[PDB]
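**Student:** To start, I am sharing the structure in question, which I have written as structure tokens.
Backbone-built Cβ (ideal geometry, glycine too); neighbour counts: all protein chains shown. Derivation of every value follows stated rules applied to the coordinates shown; laboratory data play no part.
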Amino acid sequence: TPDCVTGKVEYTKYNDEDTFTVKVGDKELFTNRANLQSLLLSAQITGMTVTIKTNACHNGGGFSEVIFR
Amino acid sequence: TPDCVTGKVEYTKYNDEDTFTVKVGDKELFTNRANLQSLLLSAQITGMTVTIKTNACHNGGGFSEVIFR
Amino acid sequence: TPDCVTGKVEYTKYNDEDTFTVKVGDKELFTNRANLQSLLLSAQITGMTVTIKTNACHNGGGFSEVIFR
Amino acid sequence: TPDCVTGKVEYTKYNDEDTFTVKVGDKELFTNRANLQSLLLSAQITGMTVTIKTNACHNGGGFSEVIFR
Amino acid sequence: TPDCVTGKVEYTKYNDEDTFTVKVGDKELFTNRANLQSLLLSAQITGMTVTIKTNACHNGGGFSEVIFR
Ligand SMILES: OC[C@H]1O[C@H](O[C@@H]2[C@H](O)[C@@H](O)[C@H](O[C@H]3[C@H](O)[C@@H](O)[C@H](O)O[C@@H]3CO)O[C@@H]2CO)[C@H](O)[C@@H](O)[C@H]1O
Ligand SMILES: OC[C@H]1O[C@H](O[C@@H]2[C@H](O)[C@@H](O)[C@H](O[C@H]3[C@H](O)[C@@H](O)[C@H](O)O[C@@H]3CO)O[C@@H]2CO)[C@H](O)[C@@H](O)[C@H]1O
Ligand SMILES: OC[C@H]1O[C@H](O[C@@H]2[C@H](O)[C@@H](O)[C@H](O[C@H]3[C@H](O)[C@@H](O)[C@H](O)O[C@@H]3CO)O[C@@H]2CO)[C@H](O)[C@@H](O)[C@H]1O
Ligand SMILES: OC[C@H]1O[C@H](O[C@@H]2[C@H](O)[C@@H](O)[C@H](O[C@H]3[C@H](O)[C@@H](O)[C@H](O)O[C@@H]3CO)O[C@@H]2CO)[C@H](O)[C@@H](O)[C@H]1O
Ligand SMILES: OC[C@H]1O[C@H](O[C@@H]2[C@H](O)[C@@H](O)[C@H](O[C@H]3[C@H](O)[C@@H](O)[C@H](O)O[C@@H]3CO)O[C@@H]2CO)[C@H](O)[C@@H](O)[C@H]1O
């Protein structure tokens, strides 16, 4: 899966449909993987560099693959 | 969903009915989303700015949408 | 539910019956709510002020309601 | 249940059989309680004093009771 | 089980198939044990020394045994 965005988590959002949204770089992306919620918030708090891989590389795009650096 | 309150988490409360209450700004709001419990406490501890979106914007109102920044 | 004790967590204990014990003030109280385990340990570690509400306000008393400050 | 060991967590180990091993003092002990895994690692990271209670007080002994100070 | 790699976590990756990949030393290894996800990210954030034991000691190899120091 190709890299979509790389950078620090600007903000996260818990959605009504139990999905989780992350804003990295110029894109806002969501994931339906519950396990990623605490991981992503931890990355945001500690200022980790995140790389999100997805074919749906556009605002509102879904993803499941994330690299934590 | 419209913004209800924005600010830092004053306090949180675990309720008997397994719901979670948060005090942000001048409102005390609850959520039945179990996944939000650890996320909200983490935000409280680290002093993150939280934005709660809900149509039930009043004390005792329920919510599911939260922005972490 | 009335306030039982308020103060910092002196110590926590995982019990054989999968319950969680907390020592706040002069009371040792337990909870059968699994979700409260990580939350309480986090409060202990970060030195948060905790308020436990319960009608069984005595050593060995059970609780489910907790306020995190 | 009698005290077995008291001290700081030297190291932890996730085992193939989904159990969790902790080295405290001169003993290496394991627990089959999944909820204890994150709690124990947190205690290790923050340098908390841990007290493990078990009748199987010997290397390779199992436990379920832990006191966090 | 023999030691494969020892060192600090270079990076972690959540995969599409719900597995978790870790890069330690010169190897990139994965695990299908969900409980290890938060533990490994915590070790990465706090800079812990990790030792991964596996017979599949090669890039793309699977593991379940990890020592946290
Ligand atoms: O968490 C949401 C979702 O993330 C991953 O899927 C993403 C999109 O949700 C999904 O629509 C997208 O589909 C791709 C096909 O995989 C690809 O073969 C085709 O060429 O393009 C479409 C749309 O661009 O895939 C992305 C992931 O790259 C995850 O796979 C999915 O299970 C779910 O978790
Ligand atoms: O966590 C509890 C609850 O949060 C969310 O619902 C909130 C209130 O609990 C709910 O009563 C409220 O419903 C609104 C509708 O959104 C609105 O369209 C209609 O006109 O009036 C009712 C009554 O105010 O909605 C808020 C959230 O905006 C969440 O949606 C719900 O599933 C549940 O988790
Ligand atoms: O975690 C265990 C338990 O916590 C809460 O219950 C507490 C005690 O365990 C329970 O014995 C106690 O019962 C009360 C009644 O609620 C009250 O109506 C009556 O007058 O007195 C008895 C004896 O004190 O209630 C406390 C809670 O205040 C929680 O409610 C329960 O579900 C369970 O999780
Ligand atoms: O996590 C593993 C396991 O921990 C606890 O059990 C421990 C040993 O695994 C168990 O063999 C041991 O049994 C004791 C009897 O309880 C005691 O009555 C008798 O005198 O001696 C035997 C052997 O020493 O007990 C320890 C706990 O003290 C936990 O109880 C168990 O459910 C499980 O989680
Ligand atoms: O998390 C994935 C996986 O990790 C552990 O298994 C690893 C490999 O996935 C598995 O193929 C490998 O199997 C070995 C046998 O242990 C060995 O006895 C035999 O001779 O060769 C095969 C092929 O290398 O073992 C490693 C771990 O050592 C874990 O055991 C497994 O349940 C699963 O979680």
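**Student:** Run down D:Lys13, D:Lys8 and say which single residue is crowded, with 18+ Cβ neighbours inside 10 Å, in a strand (DSSP E or B) and out of contact with any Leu (no Cβ under 9 Å at 6 or more places or on another chain).
**Tutor:** D:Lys13
**Student:** For region E:21-36, indicate whether the set of residues that are more than 20 Å from A:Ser64 (Cβ to Cβ) and either touching a helix residue (DSSP H, G or I) at 6+ places or on another chain (Cβ under 6 Å) or touching a residue at least 40 places away in the same chain (Cβ under 8 Å) (or both) is non-empty.
**Tutor:** no
**Student:** Step by step: first the residues of region C:15-25, then only those that are charged (D, E, K, R) and under 17 Å from D:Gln37 (Cα atoms), then the one that is nearest to the other protein chains (Cβ to nearest Cβ). Which residue is that?
**Tutor:** Selected residue: C:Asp16.
**Student:** Return yes when D:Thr12 is polar (S, T, N, Q), more than 18 Å from C:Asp18 (Cβ to Cβ), more than 14 Å from chain E (Cβ to nearest Cβ) and within 10 Å of the chain's Cα centre (by Cα) and no when it is not.
**Tutor:** Here the answer is no, as D:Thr12 does not meet what is asked.
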